[PDB]
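Novice: This is run-v1.tsv, which holds TSV, N, CA and C atoms and all ligand atoms:
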chain	number	residue	atom	x	y	z
A	1	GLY	N	82.26	60.32	104.42
A	1	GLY	CA	83.05	60.55	105.65
A	1	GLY	C	83.08	62.02	106.05
A	2	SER	N	84.19	62.47	106.67
A	2	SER	CA	84.36	63.85	107.15
A	2	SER	C	84.88	64.77	106.03
A	3	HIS	N	85.99	64.36	105.38
A	3	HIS	CA	86.63	65.12	104.28
A	3	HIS	C	87.06	64.15	103.16
A	4	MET	N	86.84	64.55	101.90
A	4	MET	CA	87.28	63.78	100.72
A	4	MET	C	88.81	63.94	100.57
A	5	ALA	N	89.57	62.89	100.97
A	5	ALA	CA	91.04	62.89	100.90
A	5	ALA	C	91.50	62.83	99.42
A	6	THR	N	91.60	64.01	98.79
A	6	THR	CA	91.91	64.15	97.36
A	6	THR	C	92.30	65.61	97.04
A	7	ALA	N	93.00	65.79	95.91
A	7	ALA	CA	93.44	67.10	95.40
A	7	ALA	C	93.99	66.92	93.97
A	8	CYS	N	93.18	66.27	93.12
A	8	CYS	CA	93.60	65.85	91.77
A	8	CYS	C	92.56	66.28	90.72
A	9	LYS	N	92.78	65.87	89.45
A	9	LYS	CA	91.85	66.09	88.33
A	9	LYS	C	91.53	64.76	87.64
A	10	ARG	N	90.54	64.79	86.72
A	10	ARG	CA	90.00	63.60	86.01
A	10	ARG	C	89.39	62.59	87.01
A	11	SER	N	88.92	63.13	88.13
A	11	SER	CA	88.36	62.39	89.26
A	11	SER	C	87.11	63.12	89.78
A	12	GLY	N	86.36	62.45	90.67
A	12	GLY	CA	85.09	62.97	91.21
A	12	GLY	C	85.32	63.91	92.38
A	13	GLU	N	85.95	65.06	92.08
A	13	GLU	CA	86.24	66.11	93.06
A	13	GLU	C	84.94	66.81	93.53
A	14	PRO	N	84.83	67.20	94.84
A	14	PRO	CA	83.64	67.90	95.37
A	14	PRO	C	83.54	69.36	94.86
A	15	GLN	N	82.50	70.09	95.32
A	15	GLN	CA	82.29	71.50	94.94
A	15	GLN	C	83.34	72.42	95.63
A	16	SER	N	83.95	71.89	96.72
A	16	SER	CA	85.00	72.58	97.49
A	16	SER	C	86.31	72.73	96.66
A	17	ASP	N	86.39	72.00	95.54
A	17	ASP	CA	87.51	72.08	94.57
A	17	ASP	C	87.66	73.52	94.02
A	18	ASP	N	86.52	74.19	93.82
A	18	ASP	CA	86.47	75.56	93.27
A	18	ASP	C	86.75	76.61	94.35
A	19	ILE	N	86.43	76.26	95.61
A	19	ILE	CA	86.55	77.17	96.78
A	19	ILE	C	88.02	77.55	97.04
A	20	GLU	N	88.89	76.52	97.06
A	20	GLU	CA	90.35	76.67	97.26
A	20	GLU	C	90.99	77.53	96.13
A	21	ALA	N	90.34	77.53	94.95
A	21	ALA	CA	90.80	78.28	93.77
A	21	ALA	C	90.35	79.75	93.84
A	22	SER	N	89.06	79.97	94.18
A	22	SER	CA	88.41	81.29	94.13
A	22	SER	C	88.96	82.25	95.20
A	23	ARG	N	89.34	81.68	96.36
A	23	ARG	CA	89.89	82.45	97.49
A	23	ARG	C	91.24	83.09	97.14
A	24	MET	N	92.02	82.46	96.23
A	24	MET	CA	93.35	82.97	95.82
A	24	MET	C	93.22	84.33	95.08
A	25	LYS	N	92.16	84.44	94.27
A	25	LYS	CA	91.87	85.64	93.45
A	25	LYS	C	91.52	86.84	94.34
A	26	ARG	N	90.62	86.59	95.30
A	26	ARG	CA	90.10	87.62	96.23
A	26	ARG	C	91.10	87.89	97.38
A	27	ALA	N	92.04	86.95	97.61
A	27	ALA	CA	93.14	87.11	98.60
A	27	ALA	C	94.08	88.26	98.20
A	28	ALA	N	94.25	88.43	96.88
A	28	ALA	CA	95.03	89.53	96.29
A	28	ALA	C	94.40	90.89	96.68
A	29	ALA	N	93.06	90.96	96.58
A	29	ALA	CA	92.26	92.12	96.99
A	29	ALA	C	92.39	92.37	98.50
A	30	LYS	N	92.34	91.25	99.27
A	30	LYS	CA	92.42	91.25	100.75
A	30	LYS	C	93.66	91.99	101.27
A	31	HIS	N	94.79	91.86	100.56
A	31	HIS	CA	96.07	92.49	100.95
A	31	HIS	C	95.95	94.03	101.11
A	32	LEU	N	95.18	94.65	100.21
A	32	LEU	CA	94.91	96.11	100.22
A	32	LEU	C	93.76	96.40	101.23
A	33	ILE	N	92.77	95.49	101.28
A	33	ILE	CA	91.62	95.55	102.21
A	33	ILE	C	92.09	95.57	103.68
A	34	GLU	N	93.21	94.86	103.99
A	34	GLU	CA	93.77	94.77	105.36
A	34	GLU	C	94.22	96.16	105.85
A	35	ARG	N	94.67	97.00	104.92
A	35	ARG	CA	95.10	98.38	105.24
A	35	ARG	C	93.93	99.19	105.80
A	36	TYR	N	92.74	99.02	105.19
A	36	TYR	CA	91.52	99.74	105.59
A	36	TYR	C	90.87	99.08	106.82
A	37	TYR	N	90.78	97.73	106.81
A	37	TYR	CA	90.18	96.91	107.90
A	37	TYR	C	90.87	97.21	109.24
A	38	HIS	N	92.20	97.21	109.21
A	38	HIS	CA	93.00	97.49	110.40
A	38	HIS	C	92.88	98.97	110.73
A	39	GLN	N	92.93	99.85	109.71
A	39	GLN	CA	92.80	101.32	109.90
A	39	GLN	C	91.51	101.71	110.67
A	40	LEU	N	90.44	100.93	110.44
A	40	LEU	CA	89.10	101.19	111.01
A	40	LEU	C	88.97	100.77	112.49
A	41	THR	N	89.68	99.71	112.92
A	41	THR	CA	89.52	99.14	114.28
A	41	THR	C	90.84	99.18	115.10
A	42	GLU	N	91.96	98.84	114.46
A	42	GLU	CA	93.31	98.87	115.06
A	42	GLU	C	93.86	100.32	115.08
A	43	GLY	N	93.92	100.93	113.88
A	43	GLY	CA	94.46	102.27	113.70
A	43	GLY	C	95.57	102.33	112.64
A	44	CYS	N	96.51	103.28	112.83
A	44	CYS	CA	97.61	103.57	111.88
A	44	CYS	C	98.90	103.88	112.68
A	45	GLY	N	98.78	104.80	113.66
A	45	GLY	CA	99.93	105.32	114.41
A	45	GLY	C	100.53	106.55	113.74
A	46	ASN	N	99.66	107.51	113.36
A	46	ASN	CA	100.05	108.73	112.62
A	46	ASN	C	99.50	109.97	113.34
A	47	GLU	N	100.20	111.11	113.21
A	47	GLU	CA	99.75	112.40	113.78
A	47	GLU	C	98.59	112.99	112.95
A	48	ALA	N	98.72	112.93	111.61
A	48	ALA	CA	97.71	113.43	110.66
A	48	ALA	C	96.76	112.27	110.27
A	49	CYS	N	96.33	111.52	111.30
A	49	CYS	CA	95.49	110.33	111.13
A	49	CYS	C	94.01	110.69	110.98
A	50	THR	N	93.66	111.97	111.24
A	50	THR	CA	92.28	112.48	111.17
A	50	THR	C	91.63	112.19	109.79
A	51	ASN	N	90.99	111.03	109.72
A	51	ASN	CA	90.28	110.54	108.54
A	51	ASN	C	88.89	110.08	108.98
A	52	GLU	N	87.91	110.16	108.07
A	52	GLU	CA	86.52	109.71	108.32
A	52	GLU	C	86.49	108.22	108.67
A	53	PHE	N	87.45	107.50	108.11
A	53	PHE	CA	87.59	106.06	108.26
A	53	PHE	C	88.94	105.74	108.93
A	54	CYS	N	88.99	105.90	110.27
A	54	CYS	CA	90.21	105.64	111.07
A	54	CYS	C	89.88	105.42	112.56
A	55	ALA	N	90.74	104.62	113.22
A	55	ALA	CA	90.68	104.31	114.66
A	55	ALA	C	91.66	105.20	115.43
A	56	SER	N	92.82	105.42	114.78
A	56	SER	CA	93.95	106.21	115.30
A	56	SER	C	93.71	107.73	115.13
A	57	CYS	N	92.46	108.13	114.78
A	57	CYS	CA	92.04	109.54	114.72
A	57	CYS	C	92.33	110.26	116.07
A	58	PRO	N	92.65	111.59	116.05
A	58	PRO	CA	92.82	112.39	117.30
A	58	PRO	C	91.53	112.53	118.15
A	59	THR	N	90.41	111.94	117.67
A	59	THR	CA	89.16	111.80	118.44
A	59	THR	C	89.16	110.52	119.31
A	60	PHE	N	89.96	109.51	118.88
A	60	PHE	CA	90.01	108.15	119.45
A	60	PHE	C	88.62	107.49	119.39
A	61	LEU	N	88.21	107.14	118.16
A	61	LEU	CA	86.92	106.49	117.86
A	61	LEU	C	87.15	105.41	116.81
A	62	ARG	N	86.64	104.20	117.08
A	62	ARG	CA	86.79	103.04	116.18
A	62	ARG	C	85.55	102.15	116.21
A	63	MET	N	85.58	101.12	115.36
A	63	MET	CA	84.52	100.13	115.20
A	63	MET	C	85.03	98.74	115.56
A	64	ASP	N	84.11	97.78	115.56
A	64	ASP	CA	84.41	96.36	115.81
A	64	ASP	C	84.97	95.71	114.53
A	65	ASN	N	85.58	94.52	114.67
A	65	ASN	CA	86.28	93.83	113.56
A	65	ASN	C	85.31	93.42	112.43
A	66	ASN	N	84.07	93.05	112.80
A	66	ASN	CA	83.00	92.71	111.82
A	66	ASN	C	82.58	93.97	111.04
A	67	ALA	N	82.43	95.08	111.79
A	67	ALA	CA	82.05	96.40	111.24
A	67	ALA	C	83.16	96.98	110.34
A	68	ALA	N	84.41	96.63	110.68
A	68	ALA	CA	85.60	97.12	109.98
A	68	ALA	C	85.88	96.31	108.73
A	69	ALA	N	85.62	94.99	108.78
A	69	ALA	CA	85.83	94.07	107.66
A	69	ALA	C	84.89	94.40	106.49
A	70	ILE	N	83.58	94.53	106.80
A	70	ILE	CA	82.54	94.86	105.80
A	70	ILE	C	82.76	96.25	105.20
A	71	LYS	N	83.21	97.21	106.04
A	71	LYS	CA	83.46	98.59	105.59
A	71	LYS	C	84.76	98.66	104.77
A	72	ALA	N	85.75	97.82	105.10
A	72	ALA	CA	87.04	97.75	104.36
A	72	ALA	C	86.83	97.30	102.91
A	73	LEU	N	85.82	96.44	102.72
A	73	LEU	CA	85.34	96.02	101.39
A	73	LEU	C	84.77	97.25	100.64
A	74	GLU	N	83.96	98.04	101.36
A	74	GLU	CA	83.32	99.25	100.82
A	74	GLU	C	84.34	100.37	100.56
A	75	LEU	N	85.45	100.33	101.30
A	75	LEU	CA	86.56	101.28	101.14
A	75	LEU	C	87.49	100.85	100.00
A	76	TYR	N	87.58	99.53	99.77
A	76	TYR	CA	88.45	98.97	98.71
A	76	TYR	C	87.93	99.36	97.32
A	77	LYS	N	86.61	99.19	97.13
A	77	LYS	CA	85.94	99.44	95.84
A	77	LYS	C	85.99	100.93	95.43
A	78	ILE	N	86.02	101.84	96.43
A	78	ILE	CA	86.10	103.30	96.18
A	78	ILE	C	87.56	103.81	96.29
A	79	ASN	N	88.45	102.96	96.88
A	79	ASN	CA	89.85	103.32	97.21
A	79	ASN	C	89.85	104.53	98.18
A	80	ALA	N	89.49	104.26	99.45
A	80	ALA	CA	89.38	105.29	100.50
A	80	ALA	C	90.74	105.85	100.92
A	81	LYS	N	90.72	106.92	101.72
A	81	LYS	CA	91.95	107.58	102.18
A	81	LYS	C	92.66	106.74	103.25
A	82	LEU	N	94.00	106.81	103.21
A	82	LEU	CA	94.88	105.94	103.97
A	82	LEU	C	96.08	106.77	104.47
A	83	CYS	N	96.37	106.68	105.78
A	83	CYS	CA	97.46	107.45	106.42
A	83	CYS	C	98.85	106.90	106.06
A	84	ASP	N	98.87	105.70	105.46
A	84	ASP	CA	100.11	105.02	105.02
A	84	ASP	C	100.05	104.78	103.49
A	85	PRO	N	100.27	105.85	102.64
A	85	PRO	CA	100.30	105.71	101.17
A	85	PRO	C	101.71	105.30	100.66
A	86	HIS	N	102.00	105.56	99.37
A	86	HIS	CA	103.32	105.29	98.78
A	86	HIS	C	103.57	106.27	97.60
A	87	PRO	N	104.50	107.27	97.76
A	87	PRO	CA	104.87	108.22	96.68
A	87	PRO	C	105.86	107.56	95.68
A	101	ZN	ZN	94.58	106.84	110.07
Now, as a test, write the supplied structure out as structure tokens.
Specialist:
Amino acid sequence: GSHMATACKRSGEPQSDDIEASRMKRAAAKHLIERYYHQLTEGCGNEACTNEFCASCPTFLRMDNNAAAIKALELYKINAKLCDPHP
């Protein structure tokens, strides 16, 4: 049919059984990634926003959401600079 109406164990679950599980792990990463993803295309709203990776820069220059999502991944792994930290 269209979708296997199930969400159990000891049964013939599809390969999508692992998908719903794996996304939870990387969703934790996504929470920090959103800071960079939004910073790249949306911005921050800061005076000292002048960062290599920012939309809210005093230059007013940004990227598209696809360009920002892939780069936010690349910023997550290096832990890039962020106008909204926590002391
Ligand atoms: Zn910024």
Novice: Between atom C of residue A:37 and atom CA of residue A:18, what is the distance in Å, rounded to a tenth?
Specialist: 27.3 Å
Novice: For a cutoff of 8 Å around the file-coordinate point (86.6, 96.3, 113.7), which residues qualify once you count only N, CA and C atoms? I'd like the result as a list in words.
Specialist: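 Here is the list of nearby residues: residues 37, 38, 39, 40, 41, 42, 62, 63, 64, 65, 66, 67, 68, 69 and 70 of chain A.
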Novice: Using all atoms listed in the file, which protein or nucleic acid residues are at most 8 Å from ligand ZN 101 (chain A), as a PyMOL selection string?
Specialist: chain A and resi 39-40+43-58+81-84
Novice: Could you pull out the residues in chain A that DSSP calls alpha helix (DSSP H) from the backbone, as number ranges by chain?
Specialist: A: 16-41, 65-78
Novice: Can you work out which one of A:6, A:16, A:23, A:29 has the shortest atom-to-atom distance to residue A:73, counting only C-alpha atoms?
Specialist: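 Comparing A:6, A:16, A:23, A:29 against residue A:73, the winner is A:29.
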